[PDB]
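Visitor: got the complex split up, this is the first portion:
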Amino acid sequence: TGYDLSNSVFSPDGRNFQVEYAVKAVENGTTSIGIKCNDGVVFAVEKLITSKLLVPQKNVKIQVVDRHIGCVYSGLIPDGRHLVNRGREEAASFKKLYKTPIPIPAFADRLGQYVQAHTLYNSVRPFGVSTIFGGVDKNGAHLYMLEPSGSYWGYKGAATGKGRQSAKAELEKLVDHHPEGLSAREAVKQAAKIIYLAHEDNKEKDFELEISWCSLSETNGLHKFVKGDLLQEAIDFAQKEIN
């Protein structure tokens, strides 16, 4: 063997073991999710409070791309940042040539092709993050999740990291119980809840919650962070539900 020592080598079953090893780094990361809603998308993430000494609210992890796209990811944080920097260059170049802001499906393939390119050669390592991202364009809201292999699809809701299973089950209930749709303000609340539920699988250290959203009606189709009254209102709705 030794098929697993070098990126881009097919094993005899037809697998790239280095990508599968990158997936292990993703599973070891904190939980993050996205919920697609009526006219928008909501992103949230668990930030482990390592120590008293972290400044609350001041280690932001959700990232904006252009003005209409949010990205969150689990795994190696720097890899996620590198991927978002590339996403930003891709969005700028699309807008520069075509004038309109980059459509979300278009943006999803730019990230996909770039991540897939890092499975083509033994001189690079695959990305150690799964990335949940999306926003609003001329065709509505879109949510996407993208793996170290470069695999991505459109999602009704999505989750990754240590609590991906608990979150997935929780997301599935919402999809079954709301076939007409979930509102943006509703989806923010559910997001808080699921991050709290999913924090079960990671309960050594307690955590700080972070949410963001794009909604045609609630944020004018722009990406904004949920802070202040709306954040606390959703923290409380989550607290209520674990008790």
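Guide: Yep, that arrived. Numbering: from 1, shown residues only, chains lettered A, B, ... in the order given.
Visitor: how far away is residue A:191 from residue A:217?
Guide: Distance from residue A:191 to residue A:217, counting by C-beta to C-beta, to the nearest Å: 17 Å. Just so you know, the C-beta spots here come from the backbone N, C-alpha and C atoms, and that holds for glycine as well.
Visitor: what's the burial count for residue A:57?
Guide: When counting by other C-beta atoms under 10 Å, one arrives at 12 neighbours for residue A:57.
Visitor: Look at it and give its secondary structure.
Guide: In three-state terms, and counting by DSSP: H, G, I helix; E, B strand; the rest coil, residue A:57 is coil.
Visitor: Against residue A:23, how distant is it?
Guide: To residue A:23, residue A:57 is 31 Å away according to C-beta to C-beta.
Visitor: Against residue A:169, how distant is the residue positioned nearest the centre of chain A?
Guide: Note on chain A: the residue nearest the mean C-alpha position is residue A:132, at 2.3 Å, using C-alpha atoms, centre = their mean. Going from residue A:132 to residue A:169 by C-beta to C-beta gives 17 Å.
Visitor: ditto for residue A:73
Guide: When C-beta to C-beta is the yardstick, residue A:73 and residue A:169 sit 21 Å from each other.
Visitor: Also residue A:150?
Guide: 27 Å.
Visitor: Same drill for the two, tell me which one is more crowded.
Guide: When residue A:150 is set against residue A:169 and neighbours are counted by other C-beta under 10 Å, the residue ahead is residue A:150, at 20 against 13.
Visitor: Now the more buried one: which helix or strand?
Guide: In this assignment (DSSP states H and E), residue A:150 forms part of neither any helix nor any strand.
Visitor: OK, contacts around it?
Guide: Applying C-beta atoms under 8 Å, 6 or more residues apart in numbering, one finds that residue A:150 lies in contact with A:112-119.
Visitor: same thing but 10 Å
Guide: For residue A:150, the contact set (C-beta atoms under 10 Å, 6 or more residues apart in numbering) comprises A:19, A:109, A:111-120, A:126-127.
Visitor: now residue A:201
Guide: Each residue near residue A:201 by C-beta under 10 Å, 6+ apart is listed here: A:31, A:46, A:161-167.
Visitor: what packs against the biggest helix by length in chain A?
Guide: Counting residues, the longest helix found in chain A (DSSP state H) is helix A:77-98. Using 3 or more C-beta pairs under 10 Å, 6 or more residues apart in numbering; DSSP states H and E as the contact criterion, the elements in contact with helix A:77-98 are helix A:17-27, strand A:63-65, strand A:69-75, helix A:104-117, strand A:129-137.
Visitor: That helix: how far from the chain's middle?
Guide: Its chain's average C-alpha position is 15 Å from that of helix A:77-98, according to C-alpha atoms, centre = their mean, to the nearest Å.
Visitor: Give me the angle between that helix and helix A:17-27.
Guide: Taking axes from the mean of the first three to the mean of the last three C-alpha atoms, to 10 degrees, one finds helix A:77-98 and helix A:17-27 inclined to each other by 100 degrees.
Visitor: wait, what's in contact with residue A:77?
Guide: Counted by C-beta under 10 Å, 6+ apart, residue A:77 has contacts A:29-30, A:61, A:128-129.
Visitor: May I ask which two of those are separated the most?
Guide: The widest separation within the contacts of residue A:77, taken as C-beta to C-beta, falls between A:61 and A:128 and amounts to 15.2 Å.
Visitor: Extend the structure above with chain B:
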Amino acid sequence: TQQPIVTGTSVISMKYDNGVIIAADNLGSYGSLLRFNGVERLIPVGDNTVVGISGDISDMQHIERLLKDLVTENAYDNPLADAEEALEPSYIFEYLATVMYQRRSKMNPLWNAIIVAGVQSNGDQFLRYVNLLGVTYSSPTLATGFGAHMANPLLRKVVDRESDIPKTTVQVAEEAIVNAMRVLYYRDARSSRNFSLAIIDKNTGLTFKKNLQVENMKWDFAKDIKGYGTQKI
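Guide: Let me put chain B in with the others:
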């Protein structure tokens, strides 16, 4: 090496006690042809800065895209993007000045004259000029093109040195600006009647007025003027 095709004429501006005013007409000339009539040459950046541009319009449109990409870029990984880490007028200016001088130094200029007007975060008025050579300067009043020749003398009667700024109100300043725009319409063959005006005040923020018009024009004395010397009828 370049020649301006579609151009915009003067941009005029002055400081007053609480802020800055800046104005520019809505015309895009094509030589002597008054080709385009709804052209906005004042471009706001955030809620604290207006960038006024004369000269080549294709380059103006390029500068708009630079500025709107600057806003986008500044918001990236910046939780204080609409607060302590919002773009200052001075940041926007230095960036444009840097670009203008680099482009002149590569012998491929952006064929423009630019005035950046706004209020800093500490309430200070900002007014600075940069052009295609990358020359920069500040003054209580600033104007480009014919504006430098005909507006500055009028606006200097109101604010002639730094100490006249606290003594000047937004009503006085706007009046002086609006009058200067009329004079330029009388005397500049590449001006238009229609213009935009913007006030950036430390208390009231940014007010941006569109579709203003030069009014109260004296033309009546024209009926008495006959011939070019000796002709009586």
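Visitor: please look at the neighbour count of residue A:57 again, because chain B has been put in.
Guide: Counted with other C-beta atoms under 10 Å in any protein chain shown, the burial measure for residue A:57 works out to 13 neighbours.
Visitor: sorry, back to before: so is the longest helix of chain A next to chain B?
Guide: Yes - using C-beta under 10 Å from any C-beta of the partner chain as the criterion, contacts between helix A:77-98 and chain B involve A:81, A:84-85, A:88, A:91-92, A:95-96.
Visitor: Any of the residues you listed buried? List them.
Guide: Burial by neighbour count, 16 or more other C-beta atoms under 10 Å in any protein chain shown: within these this picks out A:81, A:84, A:88, A:91-92, A:95.
Visitor: quick one: which of those residues is nearest to residue A:2?
Guide: Using C-beta to C-beta, residue A:81 is the member of those that lies nearest residue A:2, at 31.8 Å.
Visitor: Thought residue A:72 was touching the closest one, still the case?
Guide: No - counting by C-beta atoms under 10 Å, residue A:81 stays clear of residue A:72, with 11.8 Å between them.
Visitor: Please enumerate the shared neighbours of these two.
Guide: By C-beta atoms under 10 Å, 6 or more residues apart in numbering or on different chains, residue A:81 and residue A:72 have these common neighbours: A:61, A:63, A:129.
Visitor: Top of those residues by number of neighbours, please.
Guide: Most neighbours among the shared contacts of residue A:81 and residue A:72, by other C-beta under 10 Å: residue A:129, with 31 neighbours.
Visitor: does that residue have beta-bridge partners, and which?
Guide: residue A:75 (DSSP bridges).
Visitor: Spell out the secondary structure type for residue 101.
Guide: Chain wasn't specified; assuming chain A. coil.
Visitor: What's the local residue count around it?
Guide: Applying other C-beta under 10 Å, I find that residue A:101 has 22 neighbouring residues.
Visitor: Residues of chain B that sit close to chain A?
Guide: Within chain B, the positions lying close to chain A (C-beta under 10 Å from any C-beta) are B:65, B:68-69, B:71-73, B:75-79, B:81-82.
Visitor: Which among these count as buried?
Guide: Listed as buried from the residues of chain B next to chain A are B:72, B:75, B:81; burial here means 16+ other C-beta under 10 Å.
Visitor: out of these, which are inside helices?
Guide: Secondary structure from DSSP H places B:72, B:75 of these in helices.
Visitor: list the contacts for residue 60?
Guide: Looking at chain A here, since you left the chain open. Neighbour list for residue A:60: A:45, A:47, A:210, A:212, A:225, B:77-79 [criterion: C-beta under 10 Å, 6+ apart].
Visitor: my bad, chain B
Guide: Residue B:60 makes contact with B:6-8, B:28, B:39-41, B:43, B:51, B:53-54, B:110-112, B:114, according to C-beta under 10 Å, 6+ apart.
Visitor: so which of those is the most crowded?
Guide: Of all those, the highest neighbour tally under other C-beta under 10 Å goes to residue B:8, namely 30 neighbours.
Visitor: so, if you compare the buried ones among the residues of helix A:77-98 next to chain B, which one comes nearest to residue A:105?
Guide: When those are ranked by distance to residue A:105 (C-beta to C-beta), residue A:91 comes first, at 13.2 Å.
Visitor: Spit out the contact partners of the closest one.
Guide: With C-beta under 10 Å, 6+ apart, residue A:91 has these contacts: A:65-69, A:101-102, A:106-107, A:110, B:72.
Visitor: List only buried entries from those.
Guide: If we count by 16+ other C-beta under 10 Å, the contacts of residue A:91 have these buried: A:65-69, A:101-102, A:107, A:110, B:72.
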